[PDB]
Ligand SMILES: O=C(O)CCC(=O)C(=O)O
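Quick setup: one chain, the form solved without 2-oxoglutaric acid (AKG), written in structure tokens, and binding and motion questions come after.
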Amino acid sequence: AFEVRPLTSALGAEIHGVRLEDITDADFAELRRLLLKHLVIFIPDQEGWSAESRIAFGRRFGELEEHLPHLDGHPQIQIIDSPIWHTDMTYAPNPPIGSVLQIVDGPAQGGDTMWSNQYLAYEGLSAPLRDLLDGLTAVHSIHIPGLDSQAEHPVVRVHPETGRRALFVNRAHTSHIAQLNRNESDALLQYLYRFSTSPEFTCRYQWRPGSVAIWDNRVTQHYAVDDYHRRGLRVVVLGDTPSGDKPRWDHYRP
């Protein structure tokens, strides 16, 4: 078994002795299990990871997103270049399952990424509040010049592979709770965003060249710190369907 060095009690772990290039299905299974346990894993010293290897590794988890700048003749490998808590693309009915990011160059310090644990954010709530959120759904939307999209998702979702409940609201894309009036929804979401990202549920990763970060976009939010040029390669695994309880109330009608 690999050597694991966790970041925080909540989530994140650095995995050592991994060579993603010609990795075996057996070693990959151990990584899928560590991802489920730790929610976000960091594999350092992966400089020189080939395009074909990056593809097949992402392809192990599911379907990749294809285009946004990409490596020549590899639209599944995105080019990240150059500050709010968010869960990737939740304004869509089927948000991504997870992502694989590799910082290929940059400064030794500055540009840290933080991740939060939505299992603990849900568990941390008291029982009357956890019951209330189980029967609620929220609309997630984005309205920029080249995109007007939205999607309803339960406030509390179950991880399909863990069977554990997680909060499914994020400051960036969550618009409003459907079954509550806009005012009640504002007040409740304001508390939930503050709560869900309290230090106890997060981890902060300092990037090093060659570092790979693979995370679960079902049970985490992430935040890129604006404390500092940086380039990275990102593969996006799609296929999420945030499922939860049947809402116990009709949509709020004004």
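The first residue of the sequence shown is number 1, and the count goes up from there.
Below, we turn to the form solved in complex with 2-oxoglutaric acid (AKG), even though it does not appear here.
Contact check at 4.5 Å (heavy atoms) against 2-oxoglutaric acid (AKG) in the deposited bound form: all three of 86, 113 and 215 pass. Though 2-oxoglutaric acid (AKG) is absent from this view, in the deposited bound form it lies within 4.5 Å of a heavy atom of just one residue from 156, 101, 97, 120, which is 101. In terms of contact with 2-oxoglutaric acid (AKG) in the deposited bound form, the residue from 35, 224, 51, 64 that brings a heavy atom within 4.5 Å is 224.
2-oxoglutaric acid (AKG) in the deposited bound form comes within 4.5 Å of a heavy atom belonging to residue 207. Of the candidate stretches 40-48, 192-200, 216-224, 54-62, only 216-224 has residues whose heavy atoms lie within 4.5 Å of 2-oxoglutaric acid (AKG) in the deposited bound form.
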